[PDB]
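What follows is a short report on a single structure.
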Amino acid sequence: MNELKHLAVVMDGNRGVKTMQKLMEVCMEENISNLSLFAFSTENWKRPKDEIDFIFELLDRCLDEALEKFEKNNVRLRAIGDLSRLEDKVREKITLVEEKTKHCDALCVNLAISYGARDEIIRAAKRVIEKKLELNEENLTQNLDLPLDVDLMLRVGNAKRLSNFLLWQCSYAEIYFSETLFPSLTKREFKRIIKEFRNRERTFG
Amino acid sequence: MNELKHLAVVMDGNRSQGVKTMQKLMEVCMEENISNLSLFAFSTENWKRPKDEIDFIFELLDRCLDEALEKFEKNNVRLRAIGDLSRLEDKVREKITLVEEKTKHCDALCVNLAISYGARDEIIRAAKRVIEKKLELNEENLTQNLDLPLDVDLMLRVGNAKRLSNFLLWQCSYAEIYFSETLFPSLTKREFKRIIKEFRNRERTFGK
Ligand SMILES: CC(C)=CCC/C(C)=C\CC/C(C)=C\COP(=O)(O)O
Ligand SMILES: CC(C)=CCC/C(C)=C\CC/C(C)=C\COP(=O)(O)O
């Protein structure tokens with residue numbers, strides 16, 4: 001009854017991968033076209049520099065994994081965010097992996113890096129201005145990094161909040177708080193959560 | 001530890017005491033030093049509801065506006081309307097303005113009433129105000145030009161719906177979110193207070 005075209009997942013940000021593949025594998029069996037993930041926020045730039053270099057160290061390992069395995073598995077990678085804040089090293093690797101995988105049909109992984117929803121909205125507003133378009137919901141929407149509405153917004157962890165992730169896109173997103181101390185989760189419980197989603201009533205106001 | 005300046009509330013919009021429970025929420029806000037209480041009455045999308053449903057909602061809203069004309073200023077509660085008010089019938093707009101004017105000076109609690117309101121629309125309207133003022137289009141400027149500039153600390157959903165439904169999206173970027181599965185009527189002061197206590201002890205990093 002409900003179509004899940006766009007699934008957005010965020011995991012706890014408190015000061016492993018299996019869950020991520022299980023994640024991607026399921027979006028696929030389920031015919032979920034867009035998977036959106038939150039890696040690094042605009043506000044995260046204020047963290048302690050140690051915590052940051054550590055996160056980009058992880059990120060870098062993730063991107064390497066993307067290059068190797070994304071194309072042959074027919075997965076696409078797209079980076080959203082204010083990417084200009086990023087070091088050239090990462091930025092290049094990103095650009096590369098996007099280009100390598102640009103032609104993948106089976107799933108689209110939207111990776112949010114140096115990303116914030118308020119920044120996105122501001123940037124989108126400007127895109128609109130510089131095209132000499134009327135400022136309205138529709139033109140703004142179409143000029144986001146990610147125009148696509150979120151259907152299911154999924155928090156893997158104990159934090160109850162959006163933390164500046166795809167706000168605009170979430171106006172009518174179904175929200176789901178899946179508690180854990182460990183960003184863990186099972187193929188089935190995903191499918192469980194999904195099932196739940198398809199059945200719950202969406203009125204879009 | 002966490003301070004709660006701005007409480008937002010939305011109840012399930014699908015399928016008396018209500019007035020009594022509301023007083024308790026308002027008393028709890030005062031007792032707790034919550035300066036702002038934000039309520040969701042009618043949204044921009046709600047306009048696509050059957051005409052009979054819209055009719056009934058404005059019928060009640062009217063009833064509530066009257067209560068507020070009666071009870072608000074003598075309790076030092078301020079009322080503010082947000083949303084695109086230009087979409088409202090004349091009789092309504094004026095009656096809103098009336099209670100607004102009458103309670104404009106009220107110090108103790110500020111009740112923000114979202115009527116013909118949508119977050120996306122609020123956001124667009126804020127961007128035009130910034131442009132119209134020849135300000136730079138940035139986060140801070142857009143914030144300050146919202147109908148309601150104040151960040152939401154706690155977003156409380158009363159009902160079974162799990163979603164924000166175009167309610168104060170910008171303000172909620174880092175808002176703590178809480179789903180209480182009950183009807184509004186069934187809520188007690190003790191419960192409001194508890195939920196509040198819970199929010200106060202939650203870890204808020206704002207991205208660190
Ligand atoms: C591995 C990698 C590149 C990034 C790790 C991202 C993870 C697992 C969580 C970060 C989530 C973000 C950006 C915000 C969530 O904020 P919160 O949990 O609500 O404080
Ligand atoms: C009594 C009165 C004047 C208005 C009542 C507002 C109520 C009870 C529900 C409407 C809430 C709104 C505007 C949106 C929530 O929609 P949803 O529950 O997410 O489908």
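Every chain in the structure tokens has a letter given in the order shown (A, B, ...), and although residue numbers restart at 1 in each chain, ligands are simply numbered from 1 in the order shown.
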Handout entry: Interface residues on chain A facing chain B, 9 Å, only C-alpha atoms, written as a PyMOL selection string
Key = chain A and resi 13-15+41-48+117-119+121-123+125-126+135-137+140+159-165+167-168+170-176+200-205
Practice task
Quick one: everything within 8 Å of residue 81 in chain A, counting only C-alpha atoms, minus sequence neighbours fewer than 3 positions away in the same chain. Send it as a list in words.
Solution key: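 These residues fall inside the cut-off: residues 112, 113, 114, 115, 116, 120 and 145 of chain A.
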Handout entry: Contacts of range 28-38 of chain A at 8 Å (only C-alpha atoms; same-chain gap of 2+ positions) as a list in words
Key =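 Listing them by chain and then by number gives residues 4, 5, 6, 7, 8, 9, 10, 11, 24, 25, 26, 40, 41, 106, 107, 108, 109, 110, 111, 112, 113 and 165 of chain A.
Comparing the minimum interatomic distances between ligand 1 and each of A:152, A:80, A:59, A:1, counting only C-alpha atoms and all ligand atoms, we find that A:59 sits nearest.
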Practice task
Within 12 Å of residue 25 in chain B, counting only C-alpha atoms, which residues show up once you throw out same-chain ones fewer than 5 positions away? Write them as a PyMOL selection string, please.
Solution key: chain B and resi 7-9+17-20+30-32+34+36-39+109+111+156+184-193+195-196
Practice task
Identify, on the basis of only C-alpha atoms, every residue whose closest approach to residue 69 in chain B does not exceed 9 Å; exclude the query and any residue fewer than 5 positions from it along the same chain; express the result as a PyMOL selection string.
Solution key: chain B and resi 64+95+98-100+102-103
Practice task
Apply DSSP to the structure's backbone, then extract all residues of range 143-176 of chain B labelled strand (DSSP E) and return them as a list in words.
Solution key: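 Strand (DSSP E) members of range 143-176 of chain B, listed: residues 154, 155, 156, 157, 158 and 176 of chain B.
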For the residues in the current selection, export C-alpha atoms as a PDB file, in the first residue's frame.
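In the end it all went to out_27.pdb:
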ATOM      1  CA  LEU B 154      11.574  19.280  22.545  1.00  0.00           C
ATOM      2  CA  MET B 155       9.226  18.045  19.843  1.00  0.00           C
ATOM      3  CA  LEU B 156       6.428  16.041  21.423  1.00  0.00           C
ATOM      4  CA  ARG B 157       4.115  13.923  19.273  1.00  0.00           C
ATOM      5  CA  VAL B 158       0.926  12.860  21.041  1.00  0.00           C
ATOM      6  CA  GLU B 176      14.928  16.195  20.817  1.00  0.00           C
TER       7      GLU B 176
END
Exercise for the section: Within 10 Å of range 86-101 of chain A, counting only C-alpha atoms, which residues show up once you throw out same-chain ones fewer than 6 positions away? Write them as number ranges by chain, please. Expected result: A: 56-57, 59-60, 63-79, 108, 111, 113-114
Practice task
Give me the residues within 12 Å of residue 184 in chain A as a list in words, counting only C-alpha atoms and dropping any in the same chain fewer than 5 places off.
Solution key: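 Selected residues are residues 11, 12, 16, 17, 18, 19, 20, 21, 22, 23, 155, 156, 157, 158, 178, 179, 189 and 190 of chain A.
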Can those selected residues be exported to a file as a PDB file, in the first residue's frame so that it contains N, CA, C and O atoms?
ATOM      1  N   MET A  11      23.246   6.769  12.083  1.00  0.00           N
ATOM      2  CA  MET A  11      23.682   6.010  13.255  1.00  0.00           C
ATOM      3  C   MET A  11      24.229   6.939  14.320  1.00  0.00           C
ATOM      4  O   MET A  11      24.656   8.047  14.033  1.00  0.00           O
ATOM      5  N   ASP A  12      24.231   6.470  15.556  1.00  0.00           N
ATOM      6  CA  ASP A  12      24.651   7.331  16.689  1.00  0.00           C
ATOM      7  C   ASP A  12      26.003   7.966  16.442  1.00  0.00           C
ATOM      8  O   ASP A  12      26.921   7.351  15.925  1.00  0.00           O
ATOM      9  N   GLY A  16      30.034  -3.905  12.832  1.00  0.00           N
ATOM     10  CA  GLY A  16      30.560  -2.636  12.344  1.00  0.00           C
ATOM     11  C   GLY A  16      30.108  -2.335  10.931  1.00  0.00           C
ATOM     12  O   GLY A  16      29.251  -1.491  10.690  1.00  0.00           O
ATOM     13  N   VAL A  17      30.693  -3.051   9.989  1.00  0.00           N
ATOM     14  CA  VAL A  17      30.355  -2.871   8.554  1.00  0.00           C
ATOM     15  C   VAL A  17      29.241  -3.822   8.120  1.00  0.00           C
ATOM     16  O   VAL A  17      28.343  -3.468   7.358  1.00  0.00           O
ATOM     17  N   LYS A  18      29.326  -5.040   8.634  1.00  0.00           N
ATOM     18  CA  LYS A  18      28.330  -6.104   8.369  1.00  0.00           C
ATOM     19  C   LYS A  18      26.922  -5.532   8.277  1.00  0.00           C
ATOM     20  O   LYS A  18      26.158  -5.808   7.353  1.00  0.00           O
ATOM     21  N   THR A  19      26.619  -4.695   9.251  1.00  0.00           N
ATOM     22  CA  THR A  19      25.307  -4.019   9.341  1.00  0.00           C
ATOM     23  C   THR A  19      25.017  -3.159   8.115  1.00  0.00           C
ATOM     24  O   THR A  19      23.877  -2.942   7.733  1.00  0.00           O
ATOM     25  N   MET A  20      26.089  -2.684   7.514  1.00  0.00           N
ATOM     26  CA  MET A  20      26.007  -1.796   6.340  1.00  0.00           C
ATOM     27  C   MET A  20      25.755  -2.549   5.026  1.00  0.00           C
ATOM     28  O   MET A  20      25.070  -2.076   4.135  1.00  0.00           O
ATOM     29  N   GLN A  21      26.353  -3.719   4.915  1.00  0.00           N
ATOM     30  CA  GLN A  21      26.165  -4.578   3.718  1.00  0.00           C
ATOM     31  C   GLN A  21      24.796  -5.235   3.769  1.00  0.00           C
ATOM     32  O   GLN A  21      24.058  -5.303   2.782  1.00  0.00           O
ATOM     33  N   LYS A  22      24.483  -5.739   4.951  1.00  0.00           N
ATOM     34  CA  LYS A  22      23.143  -6.297   5.228  1.00  0.00           C
ATOM     35  C   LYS A  22      22.117  -5.235   4.811  1.00  0.00           C
ATOM     36  O   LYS A  22      21.089  -5.486   4.177  1.00  0.00           O
ATOM     37  N   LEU A  23      22.476  -4.020   5.166  1.00  0.00           N
ATOM     38  CA  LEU A  23      21.657  -2.834   4.890  1.00  0.00           C
ATOM     39  C   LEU A  23      21.415  -2.643   3.387  1.00  0.00           C
ATOM     40  O   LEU A  23      20.279  -2.510   2.887  1.00  0.00           O
ATOM     41  N   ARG A 155      16.686   5.809  12.453  1.00  0.00           N
ATOM     42  CA  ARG A 155      17.765   6.068  13.399  1.00  0.00           C
ATOM     43  C   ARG A 155      18.209   4.770  14.070  1.00  0.00           C
ATOM     44  O   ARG A 155      17.440   4.156  14.784  1.00  0.00           O
ATOM     45  N   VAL A 156      19.435   4.351  13.786  1.00  0.00           N
ATOM     46  CA  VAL A 156      20.027   3.150  14.422  1.00  0.00           C
ATOM     47  C   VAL A 156      20.861   3.586  15.607  1.00  0.00           C
ATOM     48  O   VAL A 156      21.992   4.035  15.479  1.00  0.00           O
ATOM     49  N   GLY A 157      20.270   3.449  16.769  1.00  0.00           N
ATOM     50  CA  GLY A 157      20.884   3.950  18.014  1.00  0.00           C
ATOM     51  C   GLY A 157      19.876   4.462  19.020  1.00  0.00           C
ATOM     52  O   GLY A 157      18.672   4.274  18.855  1.00  0.00           O
ATOM     53  N   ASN A 158      20.389   5.109  20.064  1.00  0.00           N
ATOM     54  CA  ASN A 158      19.542   5.663  21.173  1.00  0.00           C
ATOM     55  C   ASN A 158      19.153   7.154  21.064  1.00  0.00           C
ATOM     56  O   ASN A 158      18.327   7.668  21.814  1.00  0.00           O
ATOM     57  N   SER A 178      15.153   2.984  16.307  1.00  0.00           N
ATOM     58  CA  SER A 178      15.545   1.607  16.617  1.00  0.00           C
ATOM     59  C   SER A 178      16.679   1.593  17.611  1.00  0.00           C
ATOM     60  O   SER A 178      17.833   1.802  17.271  1.00  0.00           O
ATOM     61  N   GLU A 179      16.324   1.306  18.841  1.00  0.00           N
ATOM     62  CA  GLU A 179      17.268   1.474  19.935  1.00  0.00           C
ATOM     63  C   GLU A 179      18.404   0.475  19.915  1.00  0.00           C
ATOM     64  O   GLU A 179      18.273  -0.700  19.586  1.00  0.00           O
ATOM     65  N   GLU A 189      15.170  -7.848  10.906  1.00  0.00           N
ATOM     66  CA  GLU A 189      14.620  -6.658  11.659  1.00  0.00           C
ATOM     67  C   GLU A 189      14.486  -5.408  10.755  1.00  0.00           C
ATOM     68  O   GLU A 189      13.577  -4.620  10.898  1.00  0.00           O
ATOM     69  N   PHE A 190      15.408  -5.284   9.819  1.00  0.00           N
ATOM     70  CA  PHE A 190      15.285  -4.299   8.716  1.00  0.00           C
ATOM     71  C   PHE A 190      14.010  -4.513   7.945  1.00  0.00           C
ATOM     72  O   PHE A 190      13.198  -3.603   7.746  1.00  0.00           O
TER      73      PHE A 190
END
Handout entry: In range 42-95 of chain A, DSSP alpha helix (DSSP H) residues written as an NGL selection string
Key = :A and (49-70 or 88-95)
Exercise for the section: Would you mind reading off the distance between CA of residue 146 in chain B and CA of residue 129 in chain B, one decimal, in Å? Expected result: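 Between these atoms lies a distance of 8.7 Å.
Atom 4 (C, counted along the ligand's line) of ligand 2 sits 7.0 Å away from CA of residue 60 in chain B.
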